[PDB]
4 protein chains.
Amino acid sequence: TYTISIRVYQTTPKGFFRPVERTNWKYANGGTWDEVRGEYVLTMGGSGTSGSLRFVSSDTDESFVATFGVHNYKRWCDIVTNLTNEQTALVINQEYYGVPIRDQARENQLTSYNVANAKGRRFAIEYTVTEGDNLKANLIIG
Amino acid sequence: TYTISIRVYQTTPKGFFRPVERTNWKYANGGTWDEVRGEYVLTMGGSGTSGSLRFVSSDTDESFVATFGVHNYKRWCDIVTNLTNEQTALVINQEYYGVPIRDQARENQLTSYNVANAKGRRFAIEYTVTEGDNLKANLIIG
Amino acid sequence: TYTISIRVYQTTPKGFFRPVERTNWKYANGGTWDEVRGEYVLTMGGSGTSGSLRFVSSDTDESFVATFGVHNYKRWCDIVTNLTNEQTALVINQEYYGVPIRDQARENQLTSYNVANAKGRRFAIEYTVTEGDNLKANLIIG
Amino acid sequence: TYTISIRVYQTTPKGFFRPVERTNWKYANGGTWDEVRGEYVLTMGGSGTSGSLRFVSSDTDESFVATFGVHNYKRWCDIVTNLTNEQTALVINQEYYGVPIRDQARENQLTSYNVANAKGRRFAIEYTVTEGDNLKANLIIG
Ligand SMILES: [C]C(=O)[N][C]1[C](O[C]2O[C]([C][O])[C]([O])[C]([O])[C]2[O])[C]([O])[C]([C][O])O2[C]1O2[C][C]([N])C([O])=O
Ligand SMILES: [C]C(=O)[N][C]1[C](O[C]2O[C]([C][O])[C]([O])[C]([O])[C]2[O])[C]([O])[C]([C][O])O2[C]1O2[C][C]([N])C([O])=O
Ligand SMILES: [C]C(=O)[N][C]1[C](O[C]2O[C]([C][O])[C]([O])[C]([O])[C]2[O])[C]([O])[C]([C][O])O2[C]1O2[C][C]([N])C([O])=O
Ligand SMILES: [C]C(=O)[N][C]1[C](O[C]2O[C]([C][O])[C]([O])[C]([O])[C]2[O])[C]([O])[C]([C][O])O2[C]1O2[C][C]([N])C([O])=O
Ligand SMILES: CC(=O)N[C@@H]1[C@@H](O)[C@H](O)[C@@H](CO)O[C@@H]1O
Ligand SMILES: CC(=O)N[C@@H]1[C@@H](O)[C@H](O)[C@@H](CO)O[C@@H]1O
């Protein structure tokens, strides 16, 4: 059993991102999302699956999907932004298991990743605990 | 714009169901899940999409996925229980748009539905507001 | 360090109680309230303090304050209902340290307590784990 | 009826502040705290009362209480930090109605306030809507 506990940091008062969706991929006996002591906790039944969080800022027409998982016993993460209205977390989460560019992101097994949207705002995931079964990460909104 | 506001009633202190997943289907410009005054609010861009909530009782090995949406301008609902580990809300939500046994449930446009798991526990959805833009439902865990 | 983890059960779809307030008394190095896996967790720095939760049903003009603590190394609980508009949880929590009838409730060190409001609805606290530093309780709304 | 809707911005991934307490003062027929679309909403019956939020960073031994309300039909705010274990939100909220050093802060009817703790971390409240029934504020953690 793995857990990934996520702390969300919203660094600028320009815009307001709110949680809108949390999904679990079906591999490795699935997983769950819990809220624990102000953090988002993804629990997974083994190595080889993942979960996604979507955040939306309706003030500024911005959004992103942040995905966290374990691939071949190493943690991974990705962020997708510039989302179409069809790109919910349900959609994005699944694409990491068949879409070459998404597959690659997962295979990279990154301890940190950042990307910016077309509006110039950057988002980042930073794993603070990178080993073991109780992983920890910061999700930083620029 | 449609909203479905859901009040959850957990009625029996045997086991404990906790929220573990909330998904949005990609049709009709997608949608969002918000927590509002103790209720779950599914917001959708138009008719033809849906969202799912999964609840799990770890203590009793029980779970279900409750799905809510609008089909041909009428509200619908369904509950799936006796879940395998592979049947996350991400999986179940998607099945309502291609899997015949799920398609037909959506097409039924039900104002109420109830089902039992293998242990005999009943789960119910009852829409209290069945018309207009802002729909309301009770999710009752037996 | 003590924890009291509380599972809330709302047993009837008549009315809807929502959380509106959570307070910590100042004795025994204070305490905190956390949301953990769908439960309300009161953490306290020792024996001799408590915390309160207030729930309101605006549909039916009903409310109550449920208080949980440890007195002389034994758990206690109480419920106050038929609240005046001045009886917030901030007020009620404090009254267990100076008001004779409230003092008595605390001194009783009950593993279970129930009371009904003037409208005929009963509320109950039931400790499922009654010993140790990780106590557990059901808050049952009739 | 007044509302104050609060957006929380945690801006620095050093330490992690989590919500631990939310209180309502008893004047003006009291009030409630609700979570609405990722925001904290304080609702009050009329002018002359307030509510407090406490946040704690366990990893860095930091904490603060942020208080919001309406005094003589104008919004007010304050932040207290460098807290002892005995300074819960229940304690601090009440002090604004009898303790001169707190009374004067309420009477100031501030649209913005900022303060630093002993470690040099700044905390700020800025009202973005300063007039009418439905007030809005940012709570910024430095
Ligand atoms: C161990 C790991 O991680 N692996 C992985 C996987 O996961 C898996 O899946 C399966 C089905 O297919 C099941 O579910 C199990 O349980 C799990 O574990 C997958 O995910 C993949 C993607 O697709 O990836 C990974 O792997 C790689 C390869 N295939 C090998 O094996 O090596
Ligand atoms: C109107 C309605 O409701 N319709 C429906 C639909 O939805 C849709 O989808 C599309 C794609 O395909 C888009 O997204 C839009 O936007 C929407 O609206 C669908 O969902 C279906 C299922 O699949 O169902 C319904 O319909 C009926 C028929 N099929 C038609 O199409 O018309
Ligand atoms: C141990 C116990 O529990 N005790 C108690 C108390 O608590 C206390 O308090 C103090 C001040 O006063 C401090 O804070 C400390 O820390 C604590 O611990 C109190 O609370 C009381 C009520 O008032 O009760 C109890 O006790 C009894 C008597 N006093 C004896 O001691 O025994
Ligand atoms: C109008 C206003 O805001 N006022 C105020 C007050 O509030 C009040 O309170 C009372 C008792 O005392 C009752 O609760 C009512 O309802 C209300 O409204 C108070 O709070 C104060 C503080 O303590 O402050 C304000 O005011 C001024 C003067 N002091 C008078 O009284 O007028
Ligand atoms: C702007 C944007 O969202 N780019 C994403 C990138 O972050 C992600 O790593 C990749 C694979 O999923 O898909 C897109 O290229
Ligand atoms: C109807 C009602 O709320 N009664 C309460 C009772 O439950 C509580 O035990 C006592 C001491 O706090 O105060 C009141 O009598």
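Naming: A, B, ... by sequence-line order, numbering from 1 per chain. Any value given below was found using the heavy atoms of this structure, including those in side chains, with hydrogens, waters and symmetry copies removed.
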- Task: Taking side-chain contact (heavy atoms from CB on, under 4.5 Å) as the test, write out the residues that go with C:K119, two or more places apart.
- Result: C:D61, C:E62, C:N117
- Got a salt bridge between C:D133 and C:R75, using NZ or NE/NH1/NH2 to carboxylate O under 4.0 Å? no
- Under the side-chain contact (heavy atoms from CB on, under 4.5 Å) rule, collect the residues that match up with B:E35, sequence neighbours excluded. A:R22, A:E35, B:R22, B:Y40, D:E35
- Item | Donor-acceptor side-chain pairing of C:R121 and C:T81 below 3.5 angstrom | no
- Task: Assess the pair D:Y97 and D:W25: is the distance between their ring centroids shorter than 6.0 Å?
- Result: yes
- Query: Partners of D:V80 by side-chain contact (heavy atoms from CB on, under 4.5 Å), sequence neighbours excluded?
  - Reply: D:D78, D:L83, D:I92, D:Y96, D:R102
- Query: Do you know which two heavy atoms are closest between C:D59 and B:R7, and how far apart they sit?
  - Reply: OD2-NH1, 2.8 Å
- Any residue meeting ring-ring contact (aromatic ring centres under 6.0 Å, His included) with C:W33, in chain and number order, not counting sequence neighbours: none
- Message: Assess the residue pair B:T67 and B:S52 against the criterion (side-chain hydrogen bond (donor to acceptor under 3.5 Å, both in side chains)); give the C-alpha distance rounded to whole Å, side-chain angles, the decisive distance to 0.1 Å, and a yes or no.
- Response: CA-CA 4 Å; B:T67 301; B:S52 301; 2.7 Å; yes
- Could you verify whether a donor N or O on one side chain and an acceptor N or O on the other, from D:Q94 and C:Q94, lie under 3.5 Å apart? yes
- Query: Does a donor on one side chain sit under 3.5 Å from an acceptor on the other, for D:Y2 and D:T49?
  - Reply: no
- Item | Of all pairs that satisfy ring pair (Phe, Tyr, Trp, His ring centres under 6.0 Å), the ones with a partner from residues 103-133 of chain C, not counting sequence neighbours | C:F17-C:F123, C:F64-C:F123
- Applying side-chain contact (heavy atoms from CB on, under 4.5 Å) to C:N29 and not counting sequence neighbours gives D:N85, D:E86
- Closest approach of B:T60 to B:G15 (non-hydrogen atoms, all atoms of both residues): CG2-CA, 3.7 Å
- Among side-chain atoms of D:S50 and D:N93, is any donor-acceptor pair under 3.5 angstrom? yes
- Item | A:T43 versus A:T3, side-chain donor and acceptor atoms under 3.5 Å | no
